[PDB]
């Protein structure tokens, strides 16, 4: 029969060429294994999740669910402390997926000696969920199936919003900032920029970014650390999203500086329970979205009710 053409990947570290569809697939960093799994491929090895589950388990629920539905088993790399090059070698992969990753040039070179690497396009950790699918699925020789995975995922998002008309209308057009605010040390906090997939995902849910975000937008990173003394700059946000717990909101409202911020003052804050599957899903994968989007929308919806 007719064999597939060769695959040319243009990424941040140059170019990667595959001559056939890889049968043995390794993935690293975050989420890339879910792209392979959503395409019906069980990886010969992938990185332990360093967020959302105990280190003992190391695998997120939607990821584990798909694996068992494929009658496969989870082969985890012991790489919570950093890339485990030997473990990757032992898996004998034909390709290494890293479309969403923070690997360095040094990392890429070592990995490429093991197997062809699908790296990110621009800067570390600056890959949006659609682009993550595009990169990873192309490297698997499943570019066409990848475009259909994107289509079906976009459809799942849209249908879920349609299931909750009140929430959809409530959050539509609301100005949002995804942040990391620690109620313990409120002297400074993080704001994730539009280059970050967990911020971009919010625009898929119907929300928009305030114009103040542009000031913090840059080529540097996916997140910007700003002082609490500059908190007035984000008064144009209707709703603020941050990781935290059941004591976070009240602590922020009682903060002398942060408590003056409109969204915080109004209670228009979506607190995502830190180190839970829900929290981990905020940087979306095709598997995570289907698993958590309804719970996510309920938090966002409740926060946007307090928005003026």
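Numbering follows the first chain given and starts at 1.
Undergrad: 152-160 versus 196-204: which one carries the higher mean Cα B factor per the record?
TA: Mean B over CA atoms: larger for 152-160.
Undergrad: What stretch has the higher average Cα B-factor here, 20-28 or 283-291?
TA: Mean C-alpha B-factor is greater for 20-28.
Undergrad: Out of 131, 238, 215, 107, which shows the largest CA B-factor listed in the entry?
TA: Result of the comparison over 131, 238, 215, 107: 215.
Undergrad: When you compare the CA B-factors of 252, 55, 37, 268 as listed in the entry, which one comes out on top?
TA: If I rank 252, 55, 37, 268 by C-alpha B-factor, first place goes to 55.
Undergrad: Would you please rank residue 137 by its C-alpha temperature factor against the other modelled residues of its chain and give the third it falls in: lowest, middle or highest?
TA: Within its chain, residue 137 is a middle-third residue by C-alpha B-factor, going by the deposited values.
Undergrad: Can you tell me whether residue 300 has a C-alpha B-factor in the lowest, middle or highest third compared with the other modelled residues of the same chain?
TA: CA B-factor rank for residue 300: lowest third.
Undergrad: Looking at the C-alpha B-factor of residue 186, is it in the lowest, middle or highest third of its chain?
TA: Highest third, going by the recorded CA B-factors of the chain.
Undergrad: Based on the deposited C-alpha B factors for this chain, I'd like to know if residue 146 is in the lowest, middle or highest third.
TA: Tercile = middle for this residue's CA B-factor.
Undergrad: Would you mind checking where the Cα B-factor of residue 102 ranks among the modelled residues of its chain, as the lowest, middle or highest third?
TA: Answer is lowest: the recorded C-alpha B-factor places it there.
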